[PDB]
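In the block that follows, a single chain appears as structure tokens, in the form deposited in one PDB entry.
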């Protein structure tokens, strides 16, 4: 896979990123201890994921830029910007795990739950975010797309934070009000909180590094990418319950967490006064017996069939979007993402 082969040079470049970010201590030994803390925060939270977002920057870069213009320095910058996307990701996860009181992440203990960390992780999360801009300055300061990348990253943070606000207001920890779990709210949350930084950002970054800064080109890529993000989250919600932990590599808990899942949203549109009550009395409960009661209602409403029907329509629509908005970009850029996301 384009990601499998490149993943090696990606994860290997992290060592250099850490070195560069923790080398401003050579001239300021006074902050030495802080810099050492920063290194630990970086190694624990930026490593261990799949790097889908970061690698996307590298893969797209190689398809938008001519093979000869891909010199050592240009690729070095691509890997760096890819790692910037991963730090943004690390920033969000550390903060998010705190806000929803999670216990584990990527299998390991959430950073803030580690002995001696606690709420100090709030400052660690902000440092991760800050590192993004330090890397951009250190590697792209002289590039014509410098300001474009800074604003793209700042914009992605704002969008994601607005989305998190929406998500917090929608599922308040202490209010099992399924009334606000509408389809419009769900789509808005996905769009701002996940789609923008997970799919648009990586592609948009590569585009700017390739010299493609056209407002229309970015607008068309966004049209396609935000739709892929929407399908990504919907499939992710579906797999959380009906997926196989052996394959997916994770155990679903959206039901016990009272999450505003696509499943519950659909279940709310396809439910009778009596079916709704069962849902309103078994959603957000730790009892395995109550959770299974929700899964039963879902199948009873043939949601798995609804998802399948949605996956088919979504695939058709995406291919249509690619056929209409891909140009002047290589369709393979978007097709490669689709193939990764769709099954």
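Numbering follows the first chain given and starts at 1.
Note that the form deposited with a small molecule bound isn't included here; everything after this is about it.
- The single contact residue among 111, 92, 181, 153, judged by any heavy atom lying within 4.5 Å of the small molecule in the deposited bound form, is 92.
- Interface residue among 80, 266, 170, 160 relative to the small molecule in the deposited bound form, by the heavy atom within 4.5 Å criterion: 160.
- Contact here is defined as any heavy atom lying within 4.5 Å of the small molecule in the deposited bound form, and by that definition not a single one of 145, 220 and 222 is a contact residue.
- The closest non-hydrogen atom of residue 185 lies beyond 4.5 Å of the small molecule in the deposited bound form.
- Although the partner is absent from this view, residue 197 contacts the small molecule in the deposited bound form, with a non-hydrogen atom inside 4.5 angstroms.
- Of the heavy atoms in residue 250, some are within 4.5 Å of the small molecule in the deposited bound form.
- Just one listed stretch, out of 137 to 145, 97 to 105, 267 to 275, 71 to 79, contacts the small molecule in the deposited bound form at the 4.5 Å heavy atom level, and that stretch is 97 to 105.
- Treating the change between the shown form and the other one as two rigid bodies, the C-alpha atoms of residue 90 and residue 232 are best fitted by different bodies' superpositions.
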